[PDB]
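Encoded as C-alpha cells, the following chain is the form deposited in one PDB entry, with no partner shown.
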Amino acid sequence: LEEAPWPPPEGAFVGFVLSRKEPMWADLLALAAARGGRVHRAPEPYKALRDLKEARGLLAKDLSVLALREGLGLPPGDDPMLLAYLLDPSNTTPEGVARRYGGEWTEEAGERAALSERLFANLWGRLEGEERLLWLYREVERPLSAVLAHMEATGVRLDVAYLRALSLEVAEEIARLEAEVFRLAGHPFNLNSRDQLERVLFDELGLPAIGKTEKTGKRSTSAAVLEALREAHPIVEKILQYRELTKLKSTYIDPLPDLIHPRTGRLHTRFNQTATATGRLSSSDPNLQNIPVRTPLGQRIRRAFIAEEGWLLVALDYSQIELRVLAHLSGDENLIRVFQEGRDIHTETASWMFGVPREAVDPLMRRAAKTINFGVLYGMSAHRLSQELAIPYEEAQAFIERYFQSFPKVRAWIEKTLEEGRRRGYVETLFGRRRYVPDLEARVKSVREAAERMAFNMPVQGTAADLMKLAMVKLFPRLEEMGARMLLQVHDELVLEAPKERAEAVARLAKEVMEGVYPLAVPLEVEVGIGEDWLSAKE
C-alpha cells in the first residue's frame, strides 16, 4: 500500500509484532495500520497505542491484552482468525489462514496490517449467507474476545511462598522413592528416561510387557500397563509414585511461582480462542485449565490459587453438563426425566462400581465414575472398560449394554448425526458451529470409526462450549457493574473474584446467569461455592 502518516483513520486494520507470544510479557516491537489503500507505520509503537480506539485485525485479543497491561482500554474488534475458525475450526493459526485464504503471514507489522484487511474482506465475503455462523461471530466470539482480554490482563493471585515450601517437601519424597527404585533395580539410572526404564523393567527384570507405543513400537511403560503389574512386582508401585510427584513438581509446583508478573503480582494465562476442533477454549503459557485436583497432593496445589486481600473466589461449575446437552440434542425422555427428577448419573454409576450406596460416595469415587460415564458414552470398548473397574470382560459388556439401554434414544441420535455428517461432510452444534469430518467415509474401518467417535462427540462438547461462551458474554458486564472479576474458565466452570462484601450476591447472580444462559428441554444446574482459595471455593 501507499505509506501514510500516523495516526490512521478510525476503523483501520491493525498489525503488530511482539518480542514473544505472551502479550502480558511481550515487548511491543512494531505497530502498523491499514485502510483505504494506505498503510500507517507508527514511529513509536507504545505511544501509538494511545491513538487507537479498537484493536481490529489478526490476533486482536493479544494486542488488547498488552494494551490493558499498559492501562489502555483498547477493546478487540473484528479478527479474521475468528471468521476462519467459525468457517472451519482447523483454521487455528495466522500462517494457515493466510496460506488458505490468499496472503502471507510475515514478521512485519505493516504487512500484518495489510494482510488483516484483505483476509477480513475475503473471509467476510465467504460468510455472507452463513446466518448461523454470523450470529455466533457477532453474539459470542467477537464479544467473548473482549471478555478473555480482561481475564488475561487481570490474572490470578498465587501463594508463592506456599509453593516454594511445597517444592522442598515434594523433593525429599521424590528422593526417597528414587532410592527405593535404584536399590530394587540394583543400579542407578535416569528414572525420567522411559527408554532406560523399559530396559530395567522388561529386560533386566522379567516383567511382562502389556503393550507397545504407537509410533515406535517400543514396550510401553505407561501407567495403564504398569497398573497391571501393581502386584507382579514392587518396584512398579514406587515408579508410579515417583512419576506422580515429578509430574506435579516439574509441571506445576516449580514453574508456576516463577511466572508471577512484576507489575501485577499475579499469574497470567492465555485463553486461546481458535485452538480446538469442537469450539472449546484452551489455556496456555501456563495452562491453567489442567491444574491438579484428583489427588490430595494435587489439591494442595489448588490451594495456592487464592483471592486478593479483601476478596473471595467464587467457583461455578455446570452439573453433568454434556449429559444435559445430550438430553436436549437427542430428546431421550428417560434421560430428560433423570434431570427433571434431580438424579445424578455420576453418583449412580459410582454406586455400582464401588458397591457402596449414594450417601457413601466421596469425590474420589465420583470422579472415577465420571470418566466411566463419558468413556462408555463416546465409544469405549468392553476390553478397556474391563481393564478399568477390574471386572471380567463379560461384566464390562453388560454395563455398556445397560448404560445405553437406560437411555434408548441416545444411540438413535448418534446415527442421525453420522448420516448427516456423511452427507454434509460436517457435524454441527446446537447453534450451528461446524466441524468437518471427511473420514466418515474412509475405507479403513479403524480410521472410519475413529472419525465417527470424533463426529458425534463434537455436537455435545461443542454445544457445551457454546453455552459456556454465551454465559461468559452475558455475565461479564454484570460482574463489572458489581465490581467483580472473571478470572478463569475451565470448559464448564468459571472462577470469579469478588470483594468480600459482595461475594454472596455475585455468586447468586452468576449462578442464575449460567443456568438461564439458554433454556433447553432440560434444566441447567450450576454448583457454586465461595472461599479464599480455589479448592475451598469448589467444595
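Rigid core here is just the name for the largest C-alpha set that superposes within 1.5 Å across the two forms. Throughout, we count residues from 1 along the sequence that is shown.
What comes next is about the form deposited in another entry, which is not displayed.
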Practice item. Compare the position of the CA of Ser284 between the shown form and the other one after a rigid core fit and state whether the shift reaches 2 Å. Key: no
Check your understanding: Does the C-alpha of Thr349 move 2 Å or more between the shown form and the other one once the rigid core is lined up?
Key -> yes
Practice item. Based on a C-alpha change of 3 angstroms or more, tell me if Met353 and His328 lie closer or farther in the other form than in the shown form. Key: closer
Study note, to complete from the structure: A change of 3 Å or more separates this form from the other: in the other form, the C-alpha atoms of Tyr318 and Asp362 are farther
